[PDB]
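Below you'll find only one chain, the form deposited in one PDB entry, shown as structure tokens.
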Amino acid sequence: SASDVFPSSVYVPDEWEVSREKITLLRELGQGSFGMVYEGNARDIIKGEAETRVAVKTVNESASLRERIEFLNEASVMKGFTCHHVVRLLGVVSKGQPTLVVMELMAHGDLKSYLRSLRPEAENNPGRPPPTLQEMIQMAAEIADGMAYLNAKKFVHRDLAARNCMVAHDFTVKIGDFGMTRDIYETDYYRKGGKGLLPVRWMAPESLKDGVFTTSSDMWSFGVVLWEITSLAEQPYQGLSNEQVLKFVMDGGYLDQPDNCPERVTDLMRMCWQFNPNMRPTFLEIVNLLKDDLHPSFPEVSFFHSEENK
């Protein structure tokens, strides 16, 4: 026997582990500043499905230690989430280099790019109109549901923005990009000490001031996401500097409604941009304002309608 060598050498297998050769990579779907996203195809990673289209997130070998730490923690938080409106983790490859994070493919990429492509002028226009009021309401409901779920799990996303909302083949939007996501179970807030690049244009006054992040500051970013949707992904506060935005927002400033913004959307933004974080709605309330005019499938898949929303 070599049963003494066993507990030393083979450990409890990680459920999430997929064998590297099961992954075939097709093309680049995105370059971050240190993170590649590929479209790919995977053999036998979902029970019953012989092959599964997928997105594969990696970090380049130029990744800093901090970047590797963050990707590592992004990978872990994703393991805990199961929601139709949150980008699904499907597997991890940790045996060898590079480390792959395998996720459901969101075929139309991120919302920001998607919105910009729907500008009439866009060189990459897909041949359909910009979003209808209906579609914008459906988008908002999906995003808020997904955010509602994460808040029910006691995480604050901290980086909600159209660039981090992913759009599927059927046009369903889902929250992605959990690098900045923090557990808030014990205290209901996450406080950040000083230095650390986070985009000030999506941030709540209190976060700008005290580095405090709550589900209510996610609500602030949600308003900015509504704004991107109704402006087809303009730059918020164009022609002001980050520094100028910081001051303005901390003083009570916020964005204007985009031209011809629907009154319903405008109304949600006003709620999102209440200075007092206590006064902003919850994501569950957002979904509740929208629930009567959504696709019929929404109740069958949403977090809001599920039993888990106890």
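Residues that one form lacks are left out of the comparison. Counting begins at 1, following the sequence as shown. Take the two forms, find the largest set of C-alpha atoms that superpose within 1.5 Å, and that set is the rigid core.
Note that the form deposited in another entry isn't included here; everything after this is about it.
- Rigid-core fit between the shown form and the other one: of 135, 234, 104, 74, the one residue whose Cα shifts 2 angstroms or more is 74.
- Superposed on the core, the two forms differ at residue 180: its CA moves 2 Å or more between the shown form and the other one.
- Residue displacement note: residue 33 has its CA displaced by at least 2 Å between the shown form and the other one (rigid core superposed).
- After superposing the rigid core, the Cα of residue 84 is displaced by less than 2 Å between the shown form and the other one.
- Relative to the displayed conformation, the Cα-Cα distance from residue 184 to residue 164 shrinks by 3 Å or more in that other deposited form.
- Relative to the shown form, the CA atoms of residue 202 and residue 189 are brought 3 Å or more closer together in that other deposited form.
- Shifted segments between the shown form and the other one, defined as at least 3 consecutive common residues whose CA atoms all move 2 Å or more after rigid-core fitting, lie at 9 to 13, 32 to 35, 61 to 74, 177 to 195.
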